[PDB]
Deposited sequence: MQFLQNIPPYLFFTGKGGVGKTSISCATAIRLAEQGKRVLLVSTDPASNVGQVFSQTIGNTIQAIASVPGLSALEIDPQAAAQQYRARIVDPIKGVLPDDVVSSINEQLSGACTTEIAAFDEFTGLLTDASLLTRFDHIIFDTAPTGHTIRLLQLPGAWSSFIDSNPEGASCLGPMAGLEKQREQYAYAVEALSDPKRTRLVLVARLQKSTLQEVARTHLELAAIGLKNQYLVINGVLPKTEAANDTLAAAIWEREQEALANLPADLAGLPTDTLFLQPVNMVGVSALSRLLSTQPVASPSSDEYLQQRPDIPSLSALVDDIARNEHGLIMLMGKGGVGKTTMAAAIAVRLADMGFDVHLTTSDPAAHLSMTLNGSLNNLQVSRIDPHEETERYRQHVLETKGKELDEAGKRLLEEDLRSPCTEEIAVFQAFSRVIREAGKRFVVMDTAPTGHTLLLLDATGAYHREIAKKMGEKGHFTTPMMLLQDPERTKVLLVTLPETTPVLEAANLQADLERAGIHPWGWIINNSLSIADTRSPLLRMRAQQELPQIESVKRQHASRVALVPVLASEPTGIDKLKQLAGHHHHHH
């Protein structure tokens, strides 16, 4: 693998939940240790499962890994880091300022943005500890900071700037107050990340048109900041051999192939490697090492069943939630089509420009134009009296992932009024953290009401995807919102295929589909992987399955 050659001391893997960052990190680490290298593998995930892959316990202390001489490990709990980042800011004012005021400050330090900044404070310490490079040849991270987090830290206004105590509170700048270290150490960490002789960044992706576009954008954001030592690793690729004697497998192999040849322009110049889809989720060293090779029914109702029950009261707000790319826009469209086809009045709203298109009206809003309106608004409102460096800090705050989630939700709110006379289906929504923040100043009670509103969480039958969905649900629950049901999309165990490998992946999904049914959701739906893309009504009608 090109990405495995002549690696510098720091190696970072980035990419969406579940693409294989940790798996690839572990396998890499083993490979390196076996070439006689001293390796430090830093586990950075919220519910670290790395100890498990090496059959041993790991902690916030560097411990050598028994089964792999040369390799040591370190767990940096992000939830815990955020919790402590939060405590350092709030404890001083507990019993000083009034409870509702402190409680409000605490909520500002409870979003993904704070977690991200806290993580960076942890990376920073590692990236600045010179002695570590005295003990290790390589330090590997299974996540990477985002362009937004890095830009925030490189802004002069982040140090010399007091933004009128976020009143309306559209702000996530609260976290900055918690920066433990000296401006200089973060600056250094950033140079270390931008230095190709020190840091190598691995973009992990899947051979799916959508993901590839997201990775492309990630690549541009990071290169623009100075991280130009980048490698792309396409994981989970279906080996052609398998396209033999199977409509599904041959069709998937076919779609990946197209995409492999029509990689988005911005990624074509990057060193690209591909890792083949393995039959069993890697649990040990043998399994992990196999990943770098160069050569190769659950009892859950159909989506129709969920629409069936949603239909029961003739109207309401149906909100689809979940991480990016899990299928919210697709599910939202399917649900809207079924309702419509059964004589109901449906108004489907979307933040994505793409839908074929009668008692089914579609409103598509443009995320970019809504974001800019919202940004304009928050600028004339909070930006006055701020010097230029302060305004740029605020503009970067308005580049947080939630900025867009708030502005689109804002717009969707025009039609959220129709959920009283008909069905309104939305394909996205803000986090519980954001809702609480917005409510501080927005139809909160409406969202909270079990009748008027049913929130659906979309996820995949995979470990990380389910955990991220559970976390998205926990957060919503804090905002007084209980997801009405979960939809497990892209399932193979509910699809028709004789591909031995595919049947093996489908069996791998069993435990995941099980934990959703008994530990996370009350009402659950299974949707098969359709092969090809569900671009039109026909296909969109196939995802649902049938009645009774």
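Can you list the gaps, numbered from 1 on the deposited sequence, where no C-alpha is modelled? Gaps vs deposited seq, in order: 297-308, 370-377, 462-479, 587-589.
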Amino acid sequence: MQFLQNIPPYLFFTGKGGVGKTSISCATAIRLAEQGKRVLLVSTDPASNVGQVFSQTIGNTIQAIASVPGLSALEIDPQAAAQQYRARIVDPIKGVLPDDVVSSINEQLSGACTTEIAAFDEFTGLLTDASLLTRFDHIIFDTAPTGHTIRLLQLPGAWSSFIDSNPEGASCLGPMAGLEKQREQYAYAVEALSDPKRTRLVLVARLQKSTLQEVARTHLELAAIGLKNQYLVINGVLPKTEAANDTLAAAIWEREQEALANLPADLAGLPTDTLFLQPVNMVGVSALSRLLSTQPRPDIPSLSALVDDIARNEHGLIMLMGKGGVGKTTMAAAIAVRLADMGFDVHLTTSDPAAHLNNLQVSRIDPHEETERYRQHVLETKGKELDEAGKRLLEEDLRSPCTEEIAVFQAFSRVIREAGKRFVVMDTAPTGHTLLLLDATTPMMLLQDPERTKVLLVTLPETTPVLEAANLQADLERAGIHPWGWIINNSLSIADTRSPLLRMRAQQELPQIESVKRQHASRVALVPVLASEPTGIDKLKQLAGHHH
From here on, numbers count along this sequence of modelled residues.
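Can you check if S165 is missing its coordinates in at least one third of the other PDB entries compared, counting only those that model the residues either side of it? Yes, a third or more of the compared structures omit it.
What about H356, is it left unmodelled in a third or more of the other PDB entries we looked at? Yes.
If you average the CA temperature factors over each stretch, which comes out higher, 299-307 or 456-464? Going by the record's values, the stretch with the higher mean is 299-307.
Selected stretch [higher average CA B-factor]: 25-33 or 46-54: Result: 46-54.
Can you tell me which of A82, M319, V204, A249 has the highest Cα temperature factor in the record? Among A82, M319, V204, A249, the highest C-alpha B-factor in the entry belongs to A249.
Report the option among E418, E116, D129, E191 whose CA atom has the maximum B-factor in the deposited record. Each of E418, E116, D129, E191 was compared by C-alpha B-factor; the highest is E418.
Position of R135 among the chain's modelled residues by C-alpha B-factor, lowest, middle or highest third: Middle third.
Which third of the chain does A66 land in by C-alpha B-factor: lowest, middle or highest? Tercile = highest for this residue's CA B-factor.
Lowest, middle or highest third: which one holds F141 when the chain's residues are ordered by CA B-factor from the entry? For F141, whose C-alpha B-factor we compare with every modelled residue in the chain, the answer is the lowest third.
Going by the recorded CA B-factors, say which third of the chain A525 sits in, lowest, middle or highest. Its C-alpha B-factor belongs to the middle third of this chain's values.
What third of the chain does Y231 rank in for C-alpha temperature factor, lowest, middle or highest? Lowest third.
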